[PDB]
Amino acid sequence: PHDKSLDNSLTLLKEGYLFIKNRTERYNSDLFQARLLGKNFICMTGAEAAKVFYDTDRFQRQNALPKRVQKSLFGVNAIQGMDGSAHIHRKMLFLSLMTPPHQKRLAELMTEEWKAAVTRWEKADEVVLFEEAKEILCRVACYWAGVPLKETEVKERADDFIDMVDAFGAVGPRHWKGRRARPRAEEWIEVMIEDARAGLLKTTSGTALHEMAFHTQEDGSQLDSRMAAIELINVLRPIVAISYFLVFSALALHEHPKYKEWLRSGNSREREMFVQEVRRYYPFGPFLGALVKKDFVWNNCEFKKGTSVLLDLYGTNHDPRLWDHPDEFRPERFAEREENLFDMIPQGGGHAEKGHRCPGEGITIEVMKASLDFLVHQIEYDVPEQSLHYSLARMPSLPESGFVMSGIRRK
């Protein structure tokens, strides 16, 4: 199939997470050609594609996504555009800081933070879950990475991280908010990187600030103070991004009352399942980009070298070939499902040790289960009349009212 139009890019902006889905349905196929971002593309959807997309003997990420995304979300020349053993080397670094012990540590700081906020929320009129999340995560993330953060600095930093996430799929004021935030974080963090290297800021072995400051590339030399910031930022920023998911976690519990007592009567497993369903059902990761390395043939289609390709993450997550009533929130669909690396890919697919799959899936899940465990057991509240609606054309997406809470009371 081939969309011959000459503005798919503007269209993509109007449809968002449904852009690829809208055409893999129309053209009745798992992939289609289009003209996106100045280049010739091939958008594909589905787990079988994911399997091919993550085949690095066929796909490279270098030169894949536009600079505007680097200049607002990832940073210029960060791990995201890396390929080969160079990428697997920088990648083992992120993993070392995202292991079960850490996850455990992070969910733990959040738990007390959550419990501590209650005394404050019980006195407020309202509370905007998205705003409470932004701060706490930011304050915790730093603490955990060993990055210093003054109380009167949390908001600004918490906000700068988010302006970066909220810019990747936008044009105009929204894009710029992040084209300006980025330069402020890098600056801020590149200083600590330099201070660490001077033994002027205390750093503790095994924490992101330490490991980034002292990492060693294959050639044996260390990262430019600037790149180490960007890389430490690609740890801090993502954790603050868990704000979205957390707002969705609450939102589901509201729109799906029945699942409340379900969780409350259950254990960690009921949570684990309610979380995994939030990561699958709700929009966040739009898709991914890559360049075809060698000319190959798959699904009767010819992929020419240098052709650009988008992997629909949202669509693979809602494809009936892999899920019953994919557009239904059903925590149970996860009871007994064997673990897989391509059926569900909300934070990427395949191996994290062999590819670009998010290495923060553990932390994201662990942090989310905690957040939920709190909303369900520690407090009781009211969801006052508001705008919970969330668009699928806007990327990223979020319940308009940031999810307002009221009459919060200890449980």
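Counting begins at 1, following the sequence as shown.
*Asks:* Which is higher in the entry, the mean Cα B factor of 357-365 or that of 50-58?
*Replies:* Of 357-365 and 50-58, the stretch with the higher C-alpha B-factor average is 50-58.
*Asks:* Name the higher of the two by mean Cα B-factor in the PDB entry, 257-265 versus 187-195.
*Replies:* Per the PDB record, 257-265.
*Asks:* Return the residue from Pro320, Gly285, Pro331, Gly206 that has the highest Cα B-factor in the entry.
*Replies:* Of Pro320, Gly285, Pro331, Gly206, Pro331 has the highest C-alpha B-factor.
*Asks:* By the CA temperature factor listed in this entry, which of these ranks top: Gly289, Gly220, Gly75, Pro173?
*Replies:* That would be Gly220.
*Asks:* Once the chain's modelled residues are ordered by C-alpha B factor and cut into thirds, is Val235 in the lowest, middle or highest one?
*Replies:* Its C-alpha B-factor belongs to the lowest third of this chain's values.
*Asks:* Thinking about Cα B factors across the chain, which third does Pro100 belong to?
*Replies:* Its C-alpha B-factor, which the entry lists for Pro100, ranks in the middle third among residues of this chain.
*Asks:* Quick one: classify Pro148 as lowest, middle or highest third of the chain based on its Cα B-factor.
*Replies:* Its C-alpha B-factor, which the entry lists for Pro148, ranks in the lowest third among residues of this chain.
*Asks:* Among the modelled residues of its chain, does the C-alpha B-factor of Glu336 lie in the lowest, middle or highest third?
*Replies:* Its C-alpha B-factor, which the entry lists for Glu336, ranks in the highest third among residues of this chain.
*Asks:* Pull the Cα B-factor of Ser225 out of the PDB entry and bin it into the chain's lowest, middle or highest third.
*Replies:* Middle third of the chain for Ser225's C-alpha B-factor.
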